[PDB]
Amino acid sequence: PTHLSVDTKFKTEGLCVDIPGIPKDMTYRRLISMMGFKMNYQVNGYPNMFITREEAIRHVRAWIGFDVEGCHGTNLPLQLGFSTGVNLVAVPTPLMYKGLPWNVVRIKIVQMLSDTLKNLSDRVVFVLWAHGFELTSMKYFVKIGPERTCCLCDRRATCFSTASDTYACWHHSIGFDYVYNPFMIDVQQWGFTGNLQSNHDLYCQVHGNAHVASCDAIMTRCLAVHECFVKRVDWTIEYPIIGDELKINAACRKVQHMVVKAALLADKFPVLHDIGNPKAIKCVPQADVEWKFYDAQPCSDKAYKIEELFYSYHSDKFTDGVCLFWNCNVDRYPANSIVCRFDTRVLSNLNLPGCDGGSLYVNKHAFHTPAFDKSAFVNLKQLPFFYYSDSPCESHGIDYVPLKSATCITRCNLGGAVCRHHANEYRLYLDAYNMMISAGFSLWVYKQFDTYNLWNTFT
Ligand SMILES: O=C(CCCc1ccccc1)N1CCOCC1
Ligand SMILES: [Zn+2]
Ligand SMILES: [Zn+2]
Ligand SMILES: [Zn+2]
């Protein structure tokens, strides 16, 4: 049981208004044939156009919500909506484009999917709330066959060109006109009572229904994301490396050791309350402090209420010392805290749009993160950049331009001139810090944090 069997049953109740008289008994095999596609008993890596929920979760980077609304069905013009906000109108002869034939519409579909997916995935997954028109319209822009490779590279083929009879991935498909071997999943097959808007609005207030095809496409992918990543969580599923993942994660570990070590030197807290990761390690292992851990998994729905995490009767007094919340998203942080909060609004290849203002952050694992709220940090301030080192000024073993910086907190800078070792280390740390901030993470600290207090750790 790897793929979705074509002999599985497809509930056709949701299809009978666009398609009256549809057989209640339907299989994927028969539905595909009804859609105008000939699978021709092909044992070449594309066993089914439709996929399982497990396969869709593993390929979430490829999800594109798709909806078709019949404006006037052979004689009538269709509105093609995608979760990218695009609305295309096809004639048979929230970006709303005017009526054009299928030969030009398919050119736009390939360009749009390619520009959206080239840096995220090796495929497309049309996430549907199937009523009929979207499945019947697929023959006008989709071609199927064996699994292929690109005409210009080793990546799998996702596009086809009738002009040249060639195949291409999302990176090399300029001027291609057909979507090749796409995937799809119908959310209605999951078992819902009622229409799309009623199920969507149960969990999300950020997406509305302007009554265009793209609005339903968005609500569809959002409802799919809530079901697969908000209400259900699976942090065991690994995801491929598609960007700066390894650099971002290494930067996060360097920043955390730096920021926490400096707070313990500047304010010498006797106890640190580490709230978050049940698998956490002491990020400053040589520190004197009483390190106490508290387990809390990443909240995917709503941010943790500080009352439920702390109270109900540990040192008991979280007011003693400092509380470290490294990616532990709470509604309002206590004033004595060190905090790393992921900003869900950040635009990147790792951050996919989520449910109720939240986002799906995919870095090794998929983490649905609640909406970034600036009010969570009223008792704290933004942590400013600084680099601190108490290592000896020894070069050992790139070239050099003298470093002049007020934020290089070192004995050499105290003494008047940054040594080459600390200048290399400072610039490497500044790069790691910038990496992490640009990845979307934000750093917050208690209002009394002052880097001026670190100069006296050199006596
Ligand atoms: O980057 C991460 C994972 C950090 C690791 C972790 C944090 C808290 C509990 C268990 C594990 N996230 C994205 C932002 O929201 C929070 C989770
Ligand atoms: Zn290619
Ligand atoms: Zn939504
Ligand atoms: Zn030095």
# chains A, B, ... in the order shown; residues from 1 in each chain; ligands from 1

$ residues_near_ligand --ligand "ligand 1" --cutoff "8 Å" --atoms "only C-alpha atoms and all ligand atoms" --output "ChimeraX atom specification"
/A:276-280,295-300,326-329,341-342,361,363,367-370

$ residues_around --residues "residue 354 of chain A" --least-positions-apart "4" --cutoff "8 Å" --atoms "only C-alpha atoms" --output "PyMOL selection string"
chain A and resi 222+225-226+358-360+368

$ closest_residue --among "A:106, A:147, A:243, A:153" --to "residue 121 of chain A" --atoms "only C-alpha atoms"
A:243

$ residues_around --residues "residue 133 of chain A" --least-positions-apart "5" --cutoff "12 Å" --atoms "only C-alpha atoms" --output "VMD selection string"
chain A and resid 14 to 19 35 66 to 71 73 to 74 76 to 81 128 138 to 140 213

$ select_by_dssp --residues "segment 184-430 of chain A" --states "strand (DSSP E or B)" --output "MDAnalysis selection string"
chainID A and resid 184:186 271:276 290:295 304 322:326 330 337:342 351:353 359:363 365:369 380:382 387:388 408:409

$ residues_around --residues "residue 258 of chain A" --least-positions-apart "6" --cutoff "9 Å" --atoms "only C-alpha atoms" --output "number ranges by chain"
A: 283-284, 386-389

$ select_by_dssp --residues "segment 57-260 of chain A" --states "helix (DSSP H, G or I)" --output "MDAnalysis selection string"
chainID A and resid 57:58 60:62 102:117 133:140 187:190 196:200 213:230 245:260
